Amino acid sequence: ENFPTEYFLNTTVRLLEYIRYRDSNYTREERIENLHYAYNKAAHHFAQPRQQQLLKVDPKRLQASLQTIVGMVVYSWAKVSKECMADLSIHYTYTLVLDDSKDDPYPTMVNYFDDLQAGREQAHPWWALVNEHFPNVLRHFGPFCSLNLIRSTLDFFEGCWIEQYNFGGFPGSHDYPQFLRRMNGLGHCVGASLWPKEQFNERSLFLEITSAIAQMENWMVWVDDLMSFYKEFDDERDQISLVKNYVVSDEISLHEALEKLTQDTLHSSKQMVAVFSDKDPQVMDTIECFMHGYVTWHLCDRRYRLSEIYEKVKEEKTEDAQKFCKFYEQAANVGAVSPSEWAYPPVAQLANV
């Protein structure tokens, strides 16, 4: 009934300690420069007439979606170039936006393969925009990493299709929940997009990169699920989250579902550190900066409402409460930025022009 505040607090602090969440050389001024650069290129992109006409999305939602994504990319893909941040920001905004569509994909997918093989534009307008823009993203990567982004985005499309059914799985279908989360998680897209060929040699680091994808896929989706647990707790609109599907498919209490998620998240966090600590320094740096930035993004983006938790235990003398607050303040310290400092002008204004 009530939110598991202490249990949530303990797990979150454990998660941050396990990943060695600490300060970086990534400054606020640098952040702002990156945020504005990525926002500005993406904003001009989505403001073009073709994009404005084929991408069915409410203007205010697009604006909010773009801002949250730019934040996610600039903060988590800390080592990539500005161009790479901008181009990845566009791709991930396309993916987030597809979740606003309730339109049945069936009719637009009947000739998917034949049109693809023939080089004809796809019937589904989202595929038309995404496949047209894709090269701007792939140009930053080698063939192996590119193949991964392509596959993950294709999986994501199928995941959105499945979700239109608002199905959490048949009771007893234990393998359904993760099958769905992987399908919609963009794990291999995220995992592989951390290695621009400009900074990494895909062939020389094949093993570390392949391993990063395998481990980051689960780390990223589970951390998102865990940190989204507070905002989703009482959301009666959101009915098929991973945790909620665990309840339905595994026939267990929400608490047990949360326990499952916590165990997987903490273990994933430890093996991440254990495996990459001794590997190539540049690789460990990218992985570590992703984890930290990804957490900071969740802590600083209003969408997750975690400030509400910080505000509820801000004066408790509990160990976890105090540790959570210190971490939170650390995050806001470098992540709490006013949108007026980078996200301007609005996409709709550039669209009218």
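Residue positions are given as counts along the sequence shown, with the first one as 1.
The mean Cα B-factor in the deposited entry runs higher for 320-328 than for the other of 289-297 and 320-328. Per the PDB record, of the two stretches 341-349 and 14-22, 14-22 carries the greater mean B-factor over its C-alpha atoms. Based on the entry's C-alpha B-factors, the most elevated value among 60, 50, 41, 303 belongs to 303.
For residue 45, the recorded CA B-factor ranks within the lowest third of the chain. Only modelled residues enter the ranking. Annotation for residue 32: C-alpha temperature factor in the middle third relative to the rest of the modelled chain, per the entry. Per the deposited record, the Cα B-factor of residue 55 falls in the middle third when ranked against the other modelled residues of its chain. When the modelled residues of the chain are ordered by C-alpha B-factor, residue 164 sits in the lowest third. Among the modelled residues of the chain, residue 273 sits in the highest third by CA temperature factor in this PDB entry.
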